[PDB]
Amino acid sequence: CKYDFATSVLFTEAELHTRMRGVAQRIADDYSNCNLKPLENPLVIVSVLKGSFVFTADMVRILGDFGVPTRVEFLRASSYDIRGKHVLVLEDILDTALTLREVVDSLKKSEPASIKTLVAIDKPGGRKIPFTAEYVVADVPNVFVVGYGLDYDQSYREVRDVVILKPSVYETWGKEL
């Protein structure tokens, strides 16, 4: 494997960007009847920090390529006007769904015109409540991943690919802690 801290690479940066262009085309098509425009009516991106920052940076650039103008707002995951505006929530990983359920219900109180969710990584086997994201870039099974914004104890977010961290790394680090 190309990283000595990783057992395997699940999605390279290039593969994630290909998938993201596929999702962006669907978003462009799905919002084409909303008459989105810079300044007057952008799609509001609500990005859940910290882990979404890389995905959010790349995805707003790809959405602009596909003609979807955006403005960004940031929330913190550790915490967990859009009235009349279309809102798309971006999260790095969706697993139990407890975070996004609370995020979405909270934003729904401000009466956005619509609210949808876009996640980079879905773990569909992890749900503690039923939840479906409208847009998913990739699925993973029951494995612990880092990279592309996703951390282990605040490290490895900058790895360009989504990878499985090897147990040797985190078992050791729990012990040193």
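Under this definition, the rigid core comprises the largest set of C-alpha atoms superposing within 1.5 Å between the forms. Each residue number is its position in the shown sequence, starting from 1.
- Here the rigid core sets the fit, and in 8 other deposited structures of this protein the C-alphas of 44-52 stray farther than those of the other stretch, out of 44-52 and 147-155.
- Annotation: residue 78 belongs to the positions left without coordinates in at least a third of the other compared entries, with flanking residues modelled.
- Per the record, residue 80 and residue 81 are separated by a gap of 10 or more residues from the deposited sequence that were not modelled.
- Higher average CA B factor: 109-117, of the stretches 109-117 and 36-44.
- The mean Cα B-factor in the deposited entry runs higher for 161-169 than for the other of 14-22 and 161-169.
- Looking at 69, 126, 147, 51, the one whose CA carries the top B-factor in the deposited record is 126.
- Among the modelled residues of the chain, residue 130 sits in the highest third by CA temperature factor in this PDB entry.
- When the modelled residues of the chain are ordered by C-alpha B-factor, residue 87 sits in the middle third.
- Residue 93: CA B factor in the lowest third of modelled residues in this chain (values from the PDB entry).
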